[PDB]
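Colleague: Pasting a structure here, questions to come.
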There are 2 protein chains.
Amino acid sequence: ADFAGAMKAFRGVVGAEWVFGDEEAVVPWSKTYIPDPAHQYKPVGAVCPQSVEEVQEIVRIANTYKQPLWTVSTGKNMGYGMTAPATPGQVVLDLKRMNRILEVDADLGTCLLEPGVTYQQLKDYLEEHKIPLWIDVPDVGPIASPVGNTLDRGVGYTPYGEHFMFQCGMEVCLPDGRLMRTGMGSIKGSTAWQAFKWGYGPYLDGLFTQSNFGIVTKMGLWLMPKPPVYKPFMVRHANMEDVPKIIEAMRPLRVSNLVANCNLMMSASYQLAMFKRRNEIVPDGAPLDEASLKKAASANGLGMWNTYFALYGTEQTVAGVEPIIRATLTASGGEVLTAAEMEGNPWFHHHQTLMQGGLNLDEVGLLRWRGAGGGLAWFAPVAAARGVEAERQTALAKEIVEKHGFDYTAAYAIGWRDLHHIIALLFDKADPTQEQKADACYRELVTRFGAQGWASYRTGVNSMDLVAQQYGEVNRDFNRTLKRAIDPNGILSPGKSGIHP
Amino acid sequence: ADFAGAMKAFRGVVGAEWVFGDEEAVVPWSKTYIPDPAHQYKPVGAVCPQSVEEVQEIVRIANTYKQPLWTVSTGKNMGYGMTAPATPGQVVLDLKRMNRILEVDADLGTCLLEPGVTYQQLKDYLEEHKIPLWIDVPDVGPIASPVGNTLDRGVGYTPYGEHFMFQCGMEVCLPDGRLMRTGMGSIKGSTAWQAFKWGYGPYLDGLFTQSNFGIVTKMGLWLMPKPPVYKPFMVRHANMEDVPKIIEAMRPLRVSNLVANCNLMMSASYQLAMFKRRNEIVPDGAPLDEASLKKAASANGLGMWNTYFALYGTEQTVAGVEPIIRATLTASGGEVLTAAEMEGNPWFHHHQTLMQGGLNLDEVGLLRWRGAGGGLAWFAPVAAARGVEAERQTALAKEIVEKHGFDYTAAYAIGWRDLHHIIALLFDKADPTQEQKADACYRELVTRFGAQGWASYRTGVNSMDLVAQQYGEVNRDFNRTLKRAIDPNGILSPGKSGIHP
Ligand SMILES: Cc1cc2nc3c(=O)[nH]c(=O)nc-3n(C[C@H](O)[C@H](O)[C@H](O)COP(=O)(O)OP(=O)(O)OC[C@H]3O[C@@H](n4cnc5c(N)ncnc54)[C@H](O)[C@@H]3O)c2cc1C
Ligand SMILES: Cc1cc2nc3c(=O)[nH]c(=O)nc-3n(C[C@H](O)[C@H](O)[C@H](O)COP(=O)(O)OP(=O)(O)OC[C@H]3O[C@@H](n4cnc5c(N)ncnc54)[C@H](O)[C@@H]3O)c2cc1C
Ligand SMILES: COc1cc(C=O)ccc1O
Ligand SMILES: COc1cc(C=O)ccc1O
């Protein structure tokens, strides 16, 4: 890499005030929450363009100077690396200034977005124009990107919660600086770019998700019509061991699509961690015992597991399914509760907001759990939607985290036929011993889960190689063949998803 | 290519009795219904393996001898080329004997299939085991493949009608002879291969749809639970010119998901062609005039457009949406009819079967429309689900087919935000002048649609290059870059989707 030559050329493209080219200037891009005992996940520069033409020029320069770029949209991948690159020596290509809402089609229920568009911005746009469409939001703070989130295949909590399913068309700047539109978008003045996903020939959009094959400059997204009626529910289960029965109850409701939104099944420990520090619940040095958890949860109107779902449509369609749902969940030991029973309950309010695609009030309490706080890494294994799988994964995760002196703080995001088991590894990052222990714990989670046949849907920059190692060697080789063909100079996000030039 | 050396080595793998290696022996793989005036779409051999290990050996030999393989599952791509390869000198790799149903998961609603499994076979398997799951079938005759259809991104008529959306996990033999499993499948003894679509890192399954980058040897598919209640409907519209009003009435019902199955909006001419020859309707030499069509359709209980939809659930969920659906469609000039009104109507019966994923036992009447018959080519442009687009595409297609002496015989398959406009170009293939005219007509359809911003979702081997030409030059280059990297010897289906080594 010729770093100095690249950065000088980048100033010529975007202006000197949008290039950040030394240790002090790149501080805003360098903070992470994942464990990093060797201090190895850090950018060496950042560049912030406002147009796709600037992106193209930047890519051309990256090739000439052999200077890799780590592309982000808004860069709020918290617990997964924020804007830290996977390998040393990279410049962050921060697309936050490319924040234009290009189209919103009220009739077809679609939009077309630049990467820097935020969820807040899109929701404001819809409301200001009185367009009766909803968004589908992850459980994040004030800033996050539909484009960035979708490209990492993230998740929200309406019927449109599996974000990548609802993507339709994209524009990519390929590593040589040429633009390519997927689906119907390469037909000049196509009116169907946001209407038909697949196009003609090989379906390419998935190559640009969790990958380093292209820079997405525009993305189409389907949006759900606002329903006449929205009815949120909470199911409370009393015992830690209820895990398998909850999944077995929900599975039929989801496979038959009586419930259609992604359902967060939240542990009491996670819920408490959102609003309380660990030392409000148990002494430092003591385990997070189930009696203390149960007492604390009960005092706050929570069970040991609390699962959130909603119904959408009319009073009549809601009444068609609500009885069967109530029967199935009550038979599993759950108490089904509505807004009228959960008045003033901040967890119910939190999920009632999420499940209509509302924006919650900034405040990530999770970062202050243990000691000085500041340590969070997601460990996010997949399971089939089978109670026995959830039972076993809960047991193994708890065993491993507790062996390293950490707590089990987790949720299951229940999907159609799958679960995303979301495990927050919360630690005191400011204590270097605790950061080292969290690193060791994380490695043990990945390795031992992999040995039982389980691996992650998504992971942070510090674990992308170790997670890749859980999946097949042929897969690893095939990804590398694609990388080398698409990006011969290896200038896009080396190490993303364990893919190296 | 060294054809003789390749075919000798193939006999060693599968047995001499499963290699077909001269003009006479390959006759069963040679008949097509598309126009082919130069007789250029034809295989030079066929090989029929029964195991994945045989496939892998075949692929190794194909590399050694530089002998291209044109891979099919059951090969019933009627109107798209059957088993004829896109370029000369290819051997059909016919996977019909790999017909094992590997798994069916009743609780998660999934299955895992080899390519040769037919729809009939899978339906029989479900029925015989009393498994309360349905299939989703295209409107084909007795033999077709869930795998082959899904890989060409085909369509059926239940809520699971957009077939590729419901695929989950695949195994592929790569061009070098190695097997790769997508999604969660490359984790040994993963139990989530049919549970979670995306896996980790780039999403690859779409690369193996409408493509020549691999041979699919196993594919997973989600299956819909059988609903307590199934209620089919037919909407009759009186006038040829109703097209835009029908799309505008159905679009909100589909965008809001009050109707969830893919809806065939059938022209009267197509419907009549299913069961009648053209000279039962008008004289040879006369146009298929709207008054003759209306009279013939009316005598059969058909409108000029007849649109089929269904509701699935309980008596109460159906009652939740049926009034709104009826009001929307009646306001558009439609008459909404149910089984009780359509007793003895063979078209209603045909669609009522399709919309519950039933197998129609029938010959393909369409192949006998004009003269000696035998000519069929699908022209299948996409539209957004907007009335004005359907109006304009119907007008243009009518203009073009009638200019060349052919009829407009078409349907729209209404999707969520899209339409597949399915235009059957029916001709007398046994008359060489008519075959030439149909060839010219088809070229004009593709070219002139492309100039208005419209192009095909799928096409036949004789037009794959011309359809590729309607999409972007960068797309074409990118697909060629992938092809050369993935299949360096160019031995898998050269010319599929216009992708050439
Ligand atoms: C308390 C908490 C709760 C959370 N809840 C959720 C949740 O419910 N669901 C969820 O999905 N996540 C969740 N997250 C994780 C994360 O914060 C969000 O997913 C967030 O939306 C990701 O950041 P972002 O939108 O800024 O995307 P980015 O950080 O901009 O993008 C993510 C990644 O995509 C790639 N990328 C982004 N833009 C492009 C581009 N234009 N071209 C190519 N590649 C690009 C890069 O690899 C990048 O690192 C949570 C995090 C926390 C701390
Ligand atoms: C009257 C009529 C009505 C029809 N209605 C419909 C309809 O409603 N919906 C619809 O979708 N189609 C329809 N068709 C078109 C077609 O007949 C079906 O799509 C049929 O299912 C395709 O044949 P097949 O299943 O044998 O697949 P195949 O012909 O085996 O496969 C199709 C293509 O996929 C690729 N392929 C197949 N198997 C493999 C593999 N294992 N590895 C890699 N590539 C492979 C090849 O390119 C192959 O040519 C209709 C046809 C007619 C004549
Ligand atoms: C469903 O995916 C996620 C959910 C969350 C929090 O709810 C955090 C990280 C994730 O990847
Ligand atoms: C929805 O796709 C198709 C439908 C048909 C017949 O109804 C034929 C070919 C197709 O591609």
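Each answer follows from the model by the rule given with it, or from the source it names; these are not laboratory values. Note that each Cβ is placed from the backbone with ideal geometry, even for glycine, and that neighbours are counted across all protein chains shown.
Colleague: With the requirement that a residue be touching a residue at least 40 places away in the same chain (Cβ under 8 Å) and over 19 Å from B:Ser456 (Cα atoms), what does the stretch B:477-499 give you?
Modeller: Result: B:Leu482, B:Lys483, B:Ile486, B:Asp487, B:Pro488, B:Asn489, B:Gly490, B:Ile491, B:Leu492, B:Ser493, B:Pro494.
Colleague: So, one more: Find all pairs meeting these conditions: Cβ atoms under 7 angstrom apart; at least six residues apart or on different chains; first residue within the stretch B:260-274 and within 11 Å of ligand 4 (Cβ to nearest atom); second residue acidic (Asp, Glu).
Modeller: That search, which allows pairs on different chains as well, returns B:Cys262/B:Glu162.
Colleague: Restricting attention to the stretch A:349-404, and to residues there that are within 16 Å of ligand 1 (Cβ to nearest atom) and β-branched (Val, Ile, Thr), which single residue is nearest to A:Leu445 (Cα to Cα)?
Modeller: Taking the candidates together, the pick is A:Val382.
Colleague: Do we have any residue at all in the stretch A:408-422 that's in contact (Cβ under 8 Å) with a residue 12 or more places away in the chain, away from ligand 2 (no atom under 16 Å from the Cβ) and farther than 20 Å from A:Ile247 by Cβ? Give the steps one after another, and end with the answer.
Modeller: So in the stretch A:408-422, the residues in contact (Cβ under 8 Å) with a residue 12 or more places away in the chain come out as A:408-422.
If we keep only those that are away from ligand 2 (no atom under 16 Å from the Cβ) too, we end up with A:408-422.
Keeping just the survivors that are farther than 20 Å from A:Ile247 by Cβ gives none.
Within the stretch A:408-422 (the criterion being in contact (Cβ under 8 Å) with a residue 12 or more places away in the chain, away from ligand 2 (no atom under 16 Å from the Cβ) and farther than 20 Å from A:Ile247 by Cβ), the answer is no, since none of the residues qualifies.
Colleague: Can I ask one more? Quick check on my filter: what residues within the stretch B:1-51 are outside any loop (DSSP other than H, G, I, E, B) and surrounded by fewer than 17 Cβ atoms within 10 Å (Cβ to Cβ)? Outline the logic, then answer.
Modeller: Quick first cut of the stretch B:1-51, residues outside any loop (DSSP other than H, G, I, E, B) only: B:3-14, B:16-20, B:27-29, B:45-47.
Answer for the stretch B:1-51, where residues must be outside any loop (DSSP other than H, G, I, E, B) and surrounded by fewer than 17 Cβ atoms within 10 Å (Cβ to Cβ): B:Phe3, B:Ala4, B:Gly5, B:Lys8, B:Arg11, B:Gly12, B:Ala16, B:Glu17, B:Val27, B:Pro28.
Colleague: Could you tell me whether B:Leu425 is away from every other protein chain (no Cβ under 14 Å), closer than 26 Å to B:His351 by Cβ, out of contact with any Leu (no Cβ under 6 Å at 6 or more places or on another chain) and not in a helix (DSSP H, G or I)?
Modeller: Numbers: away from every other protein chain (no Cβ under 14 Å): yes; closer than 26 Å to B:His351 by Cβ: yes; out of contact with any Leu (no Cβ under 6 Å at 6 or more places or on another chain): yes; not in a helix (DSSP H, G or I): yes.
Taking the combined requirement at face value, the residue satisfies it.
Colleague: Would you mind stating whether A:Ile135 is more than 22 Å from A:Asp105 (Cα to Cα), β-branched (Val, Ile, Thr) and either more than 9 Å from chain B (Cβ to nearest Cβ) or touching a residue at least 60 places away in the same chain (Cβ under 8 Å) (or both)?
Modeller: No.
Colleague: Out of all the residues in the stretch B:413-426, which are more than 9 Å from ligand 4 (Cβ to nearest atom) and either at positive phi or in contact with a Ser or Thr (Cβ under 9 Å, 6 or more places away or on another chain) (or both)?
Modeller: Listed by number, the residues that qualify are B:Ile414, B:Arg417, B:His421, B:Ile423, B:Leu425, B:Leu426.
Colleague: Cβ-Cβ distance below 6 Å, separation of 6 or more or different chains: which pairs start in the stretch B:159-182 with a residue that is facing chain A (nearest Cβ under 8 Å) and part of a strand (DSSP E or B) and end on one that is among the aliphatic types (A, V, I, L, M) and crowded, with 23+ Cβ neighbours inside 10 Å?
Modeller: Close Cβ pairs (under 6 Å, with a partner that is among the aliphatic types (A, V, I, L, M) and crowded, with 23+ Cβ neighbours inside 10 Å) amount to B:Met180/B:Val172.
Colleague: Considering only residues that are surrounded by 22 or more Cβ atoms within 10 Å (Cβ to Cβ), more than 10 Å from every other protein chain (Cβ to nearest Cβ) and not in a helix (DSSP H, G or I), which ones fall in the stretch B:446-483?
Modeller: B:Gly460
Colleague: Return the residue satisfying two criteria in turn: it lies in the stretch B:403-422 and is part of a strand (DSSP E or B) and not aliphatic (A, V, I, L, M), and of such residues it is farthest from ligand 3 (Cβ to nearest atom).
Modeller: Of the residues in the stretch B:403-422, the ones part of a strand (DSSP E or B) are B:409-414, B:418-422.
From the residues that got through so far, the ones that are not aliphatic (A, V, I, L, M) too are B:409, B:412, B:418, B:420-421.
On the way: B:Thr409: 48, B:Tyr412: 37, B:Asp418: 28, B:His420: 33, B:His421: 38 Å.
Among residues in the stretch B:403-422 that are part of a strand (DSSP E or B) and not aliphatic (A, V, I, L, M), the one farthest from ligand 3 (Cβ to nearest atom) is B:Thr409.
Colleague: Could I ask something else about it? Inspect all residues belonging to the stretch A:180-192 and state whether any of them is small (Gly, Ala, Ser), away from ligand 4 (no atom under 16 Å from the Cβ) and closer than 21 Å to B:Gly183 by Cβ. First the steps, then the outcome.
Modeller: Going residue by residue through the stretch A:180-192, those that are small (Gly, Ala, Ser) are A:183, A:185-186, A:189-190, A:192.
If we keep only those that are away from ligand 4 (no atom under 16 Å from the Cβ) too, we end up with A:183, A:185-186, A:189-190.
Keeping just the survivors that are closer than 21 Å to B:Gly183 by Cβ gives none.
No, every residue in the stretch A:180-192 fails to be small (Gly, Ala, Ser), away from ligand 4 (no atom under 16 Å from the Cβ) and closer than 21 Å to B:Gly183 by Cβ.
Colleague: Restricting to helices (runs of 4 or more DSSP H) lying wholly in the stretch A:260-364: which have 1 or more residues that are aromatic (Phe, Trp, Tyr)?
Modeller: On the way: elements: A:268-275, A:290-299, A:315-331, A:346-354.
Result: A:268-275, A:346-354.
Colleague: Still on this model: For A:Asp136, work out the one condition from (1) in contact with a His (Cβ under 9 Å, 6 or more places away or on another chain); (2) part of a strand (DSSP E or B) it doesn't fulfil.
Modeller: (2)
Colleague: Just for the stretch B:67-123: of the residues that are assigned to a loop (DSSP other than H, G, I, E, B), touching a strand residue (DSSP E or B) at 6+ places or on another chain (Cβ under 8 Å) and within 14 Å of chain A (Cβ to nearest Cβ), which one is farthest from ligand 4 (Cβ to nearest atom)?
Modeller: The extreme case among them is B:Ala106.
Colleague: Sticking with this one: Filter the stretch A:312-349 down to the residues that are under 23 Å from B:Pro323 (Cα atoms) and among the charged types (D, E, K, R) and list them by number. Walk me through how you get there before you give the answer.
Modeller: Going residue by residue through the stretch A:312-349, those that are under 23 Å from B:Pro323 (Cα atoms) are A:312-324.
The answer is A:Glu315, A:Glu322.
Colleague: With B:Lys197, B:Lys218 as the choices, which residue is within 27 Å of B:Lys96 (Cα to Cα), within 24 Å of the chain's Cα centre (by Cα), free of Cβ contacts under 8 Å to residues at least 40 places away in the same chain and not in a helix (DSSP H, G or I)? Lay out the reasoning, then the answer.
Modeller: Numbers: B:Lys218 fails: free of Cβ contacts under 8 Å to residues at least 40 places away in the same chain.
None of the other options fit; the residue is B:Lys197.
Colleague: Let me ask something else. When only residues in the stretch B:141-156 that are touching a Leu at 6+ places or on another chain (Cβ under 9 Å) and in a loop (DSSP other than H, G, I, E, B) count, which is nearest to ligand 2 (Cβ to nearest atom)? Steps first, answer last, please.
Modeller: The first filter runs over the stretch B:141-156 and keeps only residues touching a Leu at 6+ places or on another chain (Cβ under 9 Å), leaving B:141-142, B:145-148, B:150, B:156.
Narrowing the set further to residues that are in a loop (DSSP other than H, G, I, E, B) leaves B:141-142, B:145, B:156.
Working: B:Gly141: 8, B:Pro142: 11, B:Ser145: 4, B:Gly156: 6 Å.
Going through the qualifying residues, I end up with B:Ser145.
Colleague: Between a first residue in the stretch B:447-476 that is farther than 22 Å from B:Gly79 by Cα and not assigned by TED's automatic domain parsing to the domain that holds B:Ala397 and a second residue that is assigned to a loop (DSSP other than H, G, I, E, B) and small (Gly, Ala, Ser), which pairs have beta carbons less than 6 Å apart while being 6 or more apart in sequence or on different chains?
Modeller: Hits for this filter: B:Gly472/A:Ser186; B:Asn475/A:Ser186.
Colleague: Looking at (1) under 30 Å from A:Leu122 (Cα atoms); (2) touching a residue at least 12 places away in the same chain (Cβ under 8 Å); (3) assigned to a helix (DSSP H, G or I), can you tell me which one A:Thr394 breaks?
Modeller: Among (1) under 30 Å from A:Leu122 (Cα atoms); (2) touching a residue at least 12 places away in the same chain (Cβ under 8 Å); (3) assigned to a helix (DSSP H, G or I), A:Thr394 violates only (1).
Colleague: Also, quick follow-up: Please enumerate the residues belonging to the stretch A:99-155 that are touching a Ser or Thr at 6+ places or on another chain (Cβ under 9 Å) and among the hydroxyl-bearing types (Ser, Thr, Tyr).
Modeller: Residues satisfying the conditions are A:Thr118, A:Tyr119, A:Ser145, A:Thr150.
Colleague: Does B:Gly405 satisfy the criteria of being more than 15 Å from ligand 4 (Cβ to nearest atom) and either touching a residue at least 24 places away in the same chain (Cβ under 8 Å) or in the same structural domain as B:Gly285 (by TED's automatic domain parsing) (or both)?
Modeller: Numbers: more than 15 Å from ligand 4 (Cβ to nearest atom): yes; either touching a residue at least 24 places away in the same chain (Cβ under 8 Å) or in the same structural domain as B:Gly285 (by TED's automatic domain parsing) (or both): yes.
The answer is yes for B:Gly405.
Colleague: Also, quick follow-up: Within the stretch A:235-257, which residues are within 16 Å of ligand 3 (Cβ to nearest atom) and either more than 30 Å from B:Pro132 (Cα to Cα) or not hydrophobic (A, V, I, L, M, F, W, C) (or both)? Before you say what the answer is, go through the steps one by one.
Modeller: First, the residues of the stretch A:235-257 that are within 16 Å of ligand 3 (Cβ to nearest atom): A:247, A:250, A:254.
Result: A:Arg254, single match.
Colleague: Sort through A:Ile414, A:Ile486, A:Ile423 and tell me the only one that's within 20 Å of A:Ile34 (Cβ to Cβ), within 16 Å of ligand 1 (Cβ to nearest atom) and crowded, with 18+ Cβ neighbours inside 10 Å. Don't jump to the end; show me each part of the working.
Modeller: Working: A:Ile414 fails: within 20 Å of A:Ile34 (Cβ to Cβ); A:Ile486 fails: within 20 Å of A:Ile34 (Cβ to Cβ).
Exactly one of A:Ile414, A:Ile486, A:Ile423 is within 20 Å of A:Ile34 (Cβ to Cβ), within 16 Å of ligand 1 (Cβ to nearest atom) and crowded, with 18+ Cβ neighbours inside 10 Å, namely A:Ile423.
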